[PDB]
Amino acid sequence: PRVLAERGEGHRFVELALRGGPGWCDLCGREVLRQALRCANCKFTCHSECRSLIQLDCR
Ligand SMILES: [Zn+2]
Ligand SMILES: [Zn+2]
């Protein structure tokens, strides 16, 4: 059923399906070979790996 990512008090990071071509970690400005996760609550669509650099939850 629906991915209840909302369960977390912290960043949801909802993954965006790569449209048959690249996507961009808006955070990095660099292309996301892997499915970028987007915390729709406040931040950006970042590399899965880049999520590590986020030590502060939803604004
Ligand atoms: Zn990144
Ligand atoms: Zn957030």
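Caption draft 1: The coordination of the zinc ion (ligand 1), seen in detail. Around the zinc ion (ligand 1), the protein contributes the donor atoms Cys25 (SG), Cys28 (SG), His47 (ND1) and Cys50 (SG), which lie 2.1 to 2.2 Å from the metal centre. Bound by 4 donor atoms, the zinc ion (ligand 1) shows angles of 94 to 137° at the metal and therefore irregular coordination geometry.

Caption draft 2: Representation of the coordination of the zinc ion (ligand 2) in the model. Bound to the zinc ion (ligand 2) are the protein donor atoms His11 (ND1), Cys39 (SG), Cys42 (SG) and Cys58 (SG), situated 2.1 to 2.3 Å from the metal. Because the angles between the 4 donor atoms bound to the zinc ion (ligand 2) fall within 88 to 134°, the donor set is best described as tetrahedral. Taken in chain order, the donor set of the zinc ion (ligand 2) reads H-x27-C-x2-C-x15-C. Of the two residues, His11 is situated in the segment before β1 (14-15) and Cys58 in the segment after β3 (45-46); the sequence distance between them amounts to 47 residues. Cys58 gets classed as partly exposed once you look at its relative accessible area, which sits at 27%.

Caption draft 3: Quick peek at unusual backbone geometry. Positive phi outside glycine occurs at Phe13, with the angle close to 55°. Among the secondary structure elements, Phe13 is positioned in the segment before β1.

Caption draft 4: View of the side chain of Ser48. Looking at the element boundaries, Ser48 is found in the segment after β3. Owing to a relative accessible area of 15%, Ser48 belongs among the buried residues under this scheme. A polar contact of 3.2 Å, which involves the side chain of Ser48, links it to the side chain of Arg34. In contact with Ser48, other than residues within four places in its own chain, are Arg34, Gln35 and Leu37.

Scoring rules and cut-offs
- All residue numbers are counted from 1 along each chain's written sequence and may depart from the entry's numbering; residues that have no coordinates are not represented.
- Written order decides the labels, with chains lettered from A and ligands numbered from 1.
- The side-chain quantities take in all heavy atoms of the structure and omit both hydrogens and water.
- The donor set covers N, O and S atoms within 2.8 Å of the metal, switching to 3.2 Å for Na, K and Ca, and it leaves out water, so a site may look short of donors.
- Under the classification used here, a metal with four donors is tetrahedral if each angle lies between 85 and 135 degrees, square planar if opposite donors are over 155 degrees apart and the others between 65 and 115, a six-donor metal meeting that same test is octahedral, and anything else is irregular.
- We count a stretch as a helix when DSSP gives it H or I for four or more residues in a row; a strand needs E for two or more, and each element gets its number in order from the N terminus.
- For every residue, the accessible area obtained with a 1.4 Å probe (protein chains only) is divided by the maximum for its type, and the residue is called buried under 20%, exposed over 50%, and partly exposed between those limits.
- Distance and chemistry together define a polar contact, namely a pair of N or O atoms within 3.5 Å, with one atom able to donate a hydrogen and the other to accept it when in protein, and with adjacent residues in sequence counting only for side-chain atoms on both sides.
- Residues are treated as being in contact if the distance between any of their heavy atoms lies within 4.5 Å.

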